[PDB]
Amino acid sequence: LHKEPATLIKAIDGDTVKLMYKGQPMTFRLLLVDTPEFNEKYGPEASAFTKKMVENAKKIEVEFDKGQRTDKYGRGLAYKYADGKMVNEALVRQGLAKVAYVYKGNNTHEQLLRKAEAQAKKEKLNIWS
Ligand SMILES: Cc1cn([C@H]2C[C@H](OP(=O)(O)O)[C@@H](COP(=O)(O)O)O2)c(=O)[nH]c1=O
Ligand SMILES: [Ca+2]
């Protein structure tokens with residue numbers, strides 16, 4: 001997989017963000033994770049966590065997986081990095097997202113993220129409390 005440049009346009013919620021990618025605005029949905037909707041428990045915390053992470057980043061990158069790059073809503077599907085740290089993994093390690101939506105062919109970082117979820121559950125963090 002390869003990291004590509006993007007710039008922040010605006011935080012949306014725990015697992016979606018609007019970025020400018022190859023010069024075009026697009027909403028990205030983070031691969032392999034599910035945050036609670038803003039209206040649910042830990043929803044506000046997840047949105048705040050991603051917002052801080054993406055707004056504080058000096059360099060944002062997106063990394064597509066091997067499979068579909070857009071979903072049925074026209075959202076980009078990617079791993080997102082903020083100054084070299086993967087947002088997808090960081091949300092799971094913090095118990096602010098569950099590993100979810102694992103579809104054959106877009107699952108390169110599945111085992112990395114499961115490993116993060118195990119540690120978050122071990123620690124009873126957030127969703128796992
Ligand atoms: C993460 C992800 C979501 N989706 C679709 C599945 C779900 O369809 P439905 O909307 O029909 O439930 C929806 C979940 O996204 P959200 O969690 O953002 O709602 O997005 C994909 O198709 N591929 C993916 O990799
Ligand atoms: Ca969600």
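First listed ligand is number 1; within each ligand, the first listed atom is number 1. Residue numbers run from 1 in the order of the sequence given. Atom set for the values below is all heavy atoms of this structure, side chains included, hydrogens, waters and symmetry mates excluded.
- For atom 15 (O) of ligand 1, the closest non-hydrogen atom on the protein side is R75 NH2, 3.1 Å.
- Ligand 1 is never approached by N106 to a heavy-atom distance shorter than 4.0 Å.
- The closest donor-acceptor contact from the side chain of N107 to the backbone of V102 lies at 3.5 Å or more, if one exists at all.
- If you check which protein heavy atom lies closest to atom 22 (O) of ligand 1, you get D71 CB, 3.8 Å.
- Judged purely by atom type and a 3.5 angstrom limit, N126 uses its side chain to pair as donor or acceptor with the backbone of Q94.
- Any N or O atom pair closer than 3.5 Å counts here, and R29 shares at least one such pair with ligand 1.
- The nearest protein atom to atom 10 (O) of ligand 1, hydrogens excluded, is given as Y73 OH, 2.7 Å; this is a heavy-atom distance.
- If you check which protein heavy atom lies closest to atom 19 (O) of ligand 1, you get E37 OE2, 4.0 Å.
- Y79 pairs with exactly one of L112, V87, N88 by the side-chain contact (heavy atoms from CB on, under 4.5 Å) rule, that one being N88.
- For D15 and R29, the salt-bridge test passes: some basic side-chain N is under 4.0 Å from an acidic carboxylate O.
- At the Ca ion (ligand 2), the vertex angle linking OE2 of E37 with OD2 of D15 is 150° (nearest 10 degrees).
- Restricting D34 to its N/O/S atoms, the shortest distance to the Ca ion (ligand 2) is reached by OD1.
- At a threshold of 4.0 Å, the pair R93-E89 does not count as salt-bridged, since none of the basic side-chain nitrogens sits closer than that to a carboxylate oxygen.
- Scanning the protein heavy atoms around atom 11 (O) of ligand 1, the nearest turns out to be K72 NZ, 2.6 Å.
- The shortest N or O to N or O distance between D15 and ligand 1 is not under 3.5 Å.
- With a 4.0 Å cut-off on non-hydrogen atoms, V33 does not touch ligand 1 at all.
- Counting only N and O atoms by type, the side chains of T108 and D65 include a donor and acceptor under 3.5 Å apart.
- Under 3.5 Å, the side chains of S129 and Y42 contain a donor-acceptor pair of N or O atoms.
- Residue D34 approaches ligand 1 through these ligand atoms, each under 4.0 Å from one of its heavy atoms: 17 (O).
- Looking at atom 12 (O) of ligand 1, its nearest protein heavy atom turns out to be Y101 OH, 4.5 Å.
- Close contacts between ligand 1 and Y103 involve ligand atoms 6 (C), 21 (C), 23 (N), 24 (C), 25 (O) [criterion: under 4.0 Å to a heavy atom].
- In this structure, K80 is not positioned above the aromatic face of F28 in the sense of NZ or CZ being under 6.0 Å from the six-membered ring centre and within 45° of the axis.
- The backbone N or O of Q68 lies less than 3.5 Å from a partner atom in the side chain of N106, making a donor-acceptor pair.
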